[PDB]
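This report refers to the structure that appears directly beneath it.
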């Protein structure tokens with residue numbers, strides 16, 4: 023809530039003692055303390071007894087006034103008590119709120135909260151100050167009265183009076199205590215008015231800080247979402263290439279396998295598992311020596327079946343291999359020189375021709391392998407990039423997570439300050455609807471009217487609606503008065519008028535008042551209530567209407583009722599007779615006192 027609202031409506035009043043010194047009818051209102059020094063003006067026996075009667079009956083009057091004057095002080099005192107209960111409740115809260123180092127603002131509100139409570143307490147303290155003044159005034163009168171007696175000695179006289187004067191003055195001081203006191207009150211309220219504006223000022227100031235903070239956050243958000251696009255694309259342009267590579271490699275390794283499976287190929291891959299062989303039939307012819315002259319028909323074979331040897335060949339000559347791995351060195355192995363030389367050359371040609379073969383074969387796998395690895399080393403090159411795209415994109419997705427987080431917080435923050443900022447205004451303006459109410463009440467029905475209205479809200483606040491039967495009992499007593507006065511056509515008007523109420527239309531006022539007066543719960547059969555209220559003014563039954571009231575308001579608080587009646591008076595005409603009858607009936611459910619004042623002003 024943050025506001026008090028009980029203040030601003032019904033601030034301390036402090037009404038001074040209405041006197042009227044007595045002008046005794048006995049013995050010429052003379053008093054024995056009156057000048058007599060050089061005369062004889064003596065009070066006869068009857069003169070005295072009479073004077074005694076007057077003074078007696080009179081004192082009694084001040085006496086009754088006083089007893090009832092106390093009672094009021096008493097209830098006040100009770101309210102002072104509660105007023106204090108709060109001051110404490112609040113104060114206590116403030117301290118811990120500081121023990122935790124709550125936000126300057128939380129505390130600023132709390133302080134302002136204890137302030138109003140404090141003002142409240144002081145409020146009642148002032149009201150007490152007045153009652154006491156009254157008791158003093160009554161007293162000095164009591165004495166003054168007793169100071170005329172005529173049964174006393176001029177001594178006792180002059181003393182009784184001196185006493186009275188001393189007392190009346192005290193009373194007068196009392197008067198000045200309250201008044202100053204009553205001024206102070208307002209002198210403090212003003213500070214509240216200041217203290218609240220500070221609150222409102224800084225309240226908006228904070229709002230802004232959030233409004234602008236959530237601004238960067240929004241301009242950030244967009245930018246982030248922009249960046250997201252870019253990166254999301256770059257990941258593509260990367261992955262796009264990633265495939266080209268993998269495709270290249272796929273085709274490459276494809277090629278390698280091909281070259282690795284050539285019959286000769288396999289031998290490069292494995293001499294032993296797949297020996298590389300080659301042979302050629304030669305029809306060598308010899309001449310000269312008839313012992314060998316002919317045509318030798320042989321078959322030159324050669325085979326490679328070992329890494330050791332395969333390597334050597336690829337790295338040497340056939341002739342060499344022939345001469346260094348086989349150690350077939352001298353071509354001449356037999357008596358047939360020509361043949362032996364020709365055969366050898368043939369034997370060697372093989373190695374030469376197989377070498378060329380396994381050789382080329384090697385190269386084929388060679389070229390492929392460089393291809394392969396080149397592709398295999400561009401794919402990787404590319405994958406490094408893919409990471410540095412996906413990762414990069416993700417990092418951004420994180421800030422997305424974080425901006426949204428930072429923002430939501432802020433959203434909430436602003437909403438909250440808003441609901442709080444609103445309520446204040448709502449309760450403020452409300453506190454202004456009621457003030458604006460009581461006044462026009464003064465303008466249409468004059469003085470007595472407002473004073474009643476308030477005094478009704480005066481009790482009410484804190485007390486629950488009175489028991490039905492106990493309620494009717496009060497009204498029935500004030501029956502032939504509240505109906506005596508003026509109730510002719512007026513009655514039929516008051517009724518028909520009451521009936522014609524559009525709950526729908528007056529609903530809002532009820533909501534404003536309730537707040538302005540302190541009730542916030544829930545009404546329930548208002549459409550009916552009013553209706554019953556009507557029939558009630560026609561048939562003077564009163565019971566069901568009274569019974570109904572016990573059953574319309576949540577906490578059964580009088581405060582809501584008053585708020586209700588305030589609404590009905592705001593959606594009709596009725597007039598001074600009407601205002602009366604209502605306040606009167608309603609009062610008989612809050613407190614009998616209100617009725618007296620009701621029946622006493624019209």
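Numbering (the entry's author numbering), first residue to last: 23 to 624. We put the CB at the ideal spot given by N, CA and C, even for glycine.
Close-in-space but distant-in-sequence residues of the same chain around residue i (CB under 8 Å, 5 per side omitted)
i, result
"residue 94", "153"
"residue 109", "136, 139, 140, 142 and 143"
"residue 246", "418, 421, 422 and 425"
Proximity test, residue i beta-carbon vs the ligand ATP heavy atom, cut-off 7 Å
i, result
"residue 472", "With respect to small molecules bound, the structure shown includes none, and the ligand ATP cannot be examined in it."
Rounded C-alpha distance that separates residue i from residue j
i, j, result
"residue 72", "residue 49", "9 Å"
"residue 291", "residue 282", "7 Å"
"residue 39", "residue 193", "10 Å"
"residue 345", "residue 353", "10 Å"
"residue 334", "residue 343", "7 Å"
"residue 372", "residue 347", "14 Å"
"residue 469", "residue 175", "48 Å"
"residue 589", "residue 500", "24 Å"
"residue 484", "residue 580", "8 Å"
"residue 156", "residue 441", "47 Å"
"residue 132", "residue 112", "8 Å"
"residue 105", "residue 562", "40 Å"
"residue 409", "residue 419", "15 Å"
"residue 117", "residue 123", "10 Å"
"residue 387", "residue 278", "6 Å"
"residue 238", "residue 448", "31 Å"
"residue 366", "residue 331", "20 Å"
"residue 427", "residue 574", "46 Å"
"residue 618", "residue 198", "30 Å"
"residue 403", "residue 273", "18 Å"
"residue 393", "residue 280", "13 Å"
"residue 167", "residue 548", "55 Å"
"residue 207", "residue 214", "11 Å"
"residue 444", "residue 557", "41 Å"
Helix, strand or coil at residue i according to DSSP, with G and I counted as helix
i, result
"residue 66", "coil"
"residue 579", "strand"
"residue 298", "strand"
"residue 442", "helix"
"residue 326", "strand"
"residue 39", "coil"
"residue 507", "coil"
"residue 256", "helix"
"residue 642", "Since the first residue of the chain shown is 23 and the last is 624, residue 642 is not available in this structure."
"residue 321", "strand"
"residue 483", "coil"
"residue 596", "coil"
"residue 605", "helix"
"residue 623", "coil"
"residue 574", "coil"
Cutoff 6 Å; reference residue i; Cβ partners in own chain excluding five residues on either side
i, result
"residue 36", "152, 200 and 204"
"residue 169", "182, 183 and 186"
"residue 488", "611"
"residue 54", "172, 176 and 179"
"residue 217", "134"
"residue 592", "531"
"residue 101", "146"
"residue 229", "439"
"residue 270", "397"
From the options, residue whose alpha carbon lies closest to that of residue i
i, options, result
"residue 551", "544, 570 and 559", "570"
"residue 450", "506, 534 and 607", "534"
"residue 583", "599, 606 and 96", "606"
"residue 33", "52, 98 and 603", "98"
"residue 406", "276, 206 and 257", "257"
"residue 350", "357, 332, 428 and 370", "370"
"residue 47", "80, 289 and 494", "80"
"residue 381", "286, 465 and 226", "286"
"residue 321", "196, 336 and 300", "300"
"residue 603", "516, 459 and 357", "516"
"residue 317", "597, 254, 270 and 305", "305"
"residue 288", "265, 328 and 303", "328"
"residue 191", "503, 520 and 160", "160"
"residue 542", "471, 431 and 452", "452"
"residue 536", "84, 505, 521 and 586", "586"
Contacting residues, own chain, Cβ-Cβ under 7 Å from residue i (five flanking each side not counted)
i, result
"residue 315", "308 and 309"
"residue 513", "559"
"residue 115", "132"
Please give the ranges of any alpha helix (DSSP H) in the stretch 266–319, keeping only runs that are unbroken, at least 4 residues long and fully inside the region. 285–291
Which ranges does the alpha helix (DSSP H) cover as unbroken runs of at least 4 residues, wholly within the stretch 504–564, from first to last along the chain? 511–521, 525–539 and 548–560
At 4 residues or longer, and completely inside the stretch 117–199: list those alpha helix (DSSP H) runs for me, N to C. 126–168
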